[PDB]
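First, one chain by itself in structure tokens, the form deposited in one PDB entry.
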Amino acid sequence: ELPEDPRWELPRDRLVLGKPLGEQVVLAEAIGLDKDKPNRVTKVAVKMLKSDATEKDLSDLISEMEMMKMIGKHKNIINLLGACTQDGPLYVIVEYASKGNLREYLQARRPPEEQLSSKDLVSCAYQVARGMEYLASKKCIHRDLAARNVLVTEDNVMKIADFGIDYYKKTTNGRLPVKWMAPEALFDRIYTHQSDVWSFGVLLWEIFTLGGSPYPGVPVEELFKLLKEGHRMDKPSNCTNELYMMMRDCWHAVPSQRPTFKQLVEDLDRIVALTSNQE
């Protein structure tokens, strides 16, 4: 049996499980998630263990939930809304983002859903930096910050997910997560907020290429050689010299010299206000 936390506990008859969202996370409807409004349904995402899970997988899911409780609420992160911990499988209830991951969102909006202006792209970057600055302020290190791990809501709000290793392992889309990793995290296994800033630099590149794949055709061994040579990704087209300078600053060889998330948030705030929405 699991211990019961009344702040977060939702009765099981208040949760209507729906279609799976991805491979497990399912779409669901929560009845009266808020105690003050018991007659309203909220579309939510529910994370649960599969039938083949072990006692280690359960402790991992519990730890993720406990971590989300400690971190607290922020507009630019996927927030915890509740849990079903008693008399049945553990359900971790989180915010639902209907427009999917940021990579897919940007790809679907490439020129021939709707079209994104230059100001909208800088706004995505600002929102992600904002969420990262909050997570860093809570002493949290992400370790896999990428566009695939950023979710977009119905109201186009950016929300960071999975915040709370074999180099040759590939993702579902067939990409290599090492391509987002700072050299000190890759070669010395040193993970800091500065190593996440390097990953944010790769994320900025993904935004301004509208869901572009980093280093296409490059295997792990060749990437290690590019990083050792001090190779850096090329300036995307439809990217200012100022935004490319930001990416390059995030990719400083010396971690202490990279900008912080606080600086990135301030710079991005000023750039948004100066960026045209007319193209």
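Note that residue numbering follows the sequence shown and begins at 1. Superpose the two forms; the largest set of C-alphas matching within 1.5 Å is the rigid core.
Asker: Can you count the deposited residues that have no coordinates between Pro112 and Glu113 and report it as none, 1 to 3, 4 to 9, or 10 or more?
Answerer: The entry leaves 10 or more residues without coordinates here.
Asker: Does the chain run continuously from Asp13 to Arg14, or are deposited residues unmodelled in between? Answer none, 1 to 3, 4 to 9, or 10 or more.
Answerer: Unresolved stretch here: none.
Asker: When the C-alpha temperature factors are averaged for each of 132-140 and 84-92, which stretch ends up with the higher value in the entry?
Answerer: Comparing 132-140 with 84-92, the higher average CA B-factor belongs to 84-92.
Asker: Higher average CA B factor in the deposited record is what I'm after, so tell me if that's 191-199 or 173-181.
Answerer: The deposited B-factors put 173-181 ahead on the C-alpha mean.
Asker: I'd like to know which of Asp249, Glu55, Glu222, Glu229 has the highest C-alpha temperature factor in the PDB entry.
Answerer: Highest CA B-factor of the listed options: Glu55.
Asker: Looking at the C-alpha B-factor of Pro236, is it in the lowest, middle or highest third of its chain?
Answerer: It falls in the middle third of the chain.
Asker: Ordered by C-alpha B-factor within the chain, which third holds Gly100? Give me lowest, middle or highest, please.
Answerer: Middle third by C-alpha B-factor.
Asker: Would you please rank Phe208 by its C-alpha temperature factor against the other modelled residues of its chain and give the third it falls in: lowest, middle or highest?
Answerer: Its C-alpha B-factor belongs to the middle third of this chain's values.
Asker: Per the entry's values, where does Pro216 land by CA temperature factor relative to the rest of its chain, in the lowest, middle or highest third?
Answerer: Answer is middle: the recorded C-alpha B-factor places it there.
Asker: Grab the CA temperature factor for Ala147 from the record and place it in the lowest, middle or highest third of its chain.
Answerer: Answer is lowest: the recorded C-alpha B-factor places it there.
One more form of this protein, deposited in another entry, exists but is not displayed; see below.
Asker: Listing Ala129, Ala146, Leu151, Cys84 as candidates, which single one shows a C-alpha movement of 2 Å or greater between the shown form and the other one when the core is held fixed?
Answerer: The answer here is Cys84.
Asker: Core aligned, does the CA of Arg12 move at least 2 Å between the shown form and the other one?
Answerer: Comparing forms between the shown form and the other one, the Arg12 CA shifts at least 2 Å.
Asker: Core-aligned, does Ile62 move its Cα 2 Å or more between the shown form and the other one?
Answerer: Where the cores coincide, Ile62 still shows a C-alpha shift between the shown form and the other one that is 2 Å or more.
Asker: Can a Cα shift of no less than 2 Å be assigned to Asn173 between the shown form and the other one, given superposition on the rigid core?
Answerer: Shift of 2 Å or more: yes.
Asker: Work out whether the Cα atoms of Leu176 and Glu184 come closer together or move farther apart in that other deposited form than they are in this form, the change being 3 angstroms or more.
Answerer: Result: closer.
Asker: A 3 angstroms or greater change in CA distance between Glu104 and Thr171 is reported in that other deposited form. Closer or farther than in this form?
Answerer: It is farther: the C-alpha separation of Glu104 and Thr171 rises by at least 3 Å in that other deposited form.
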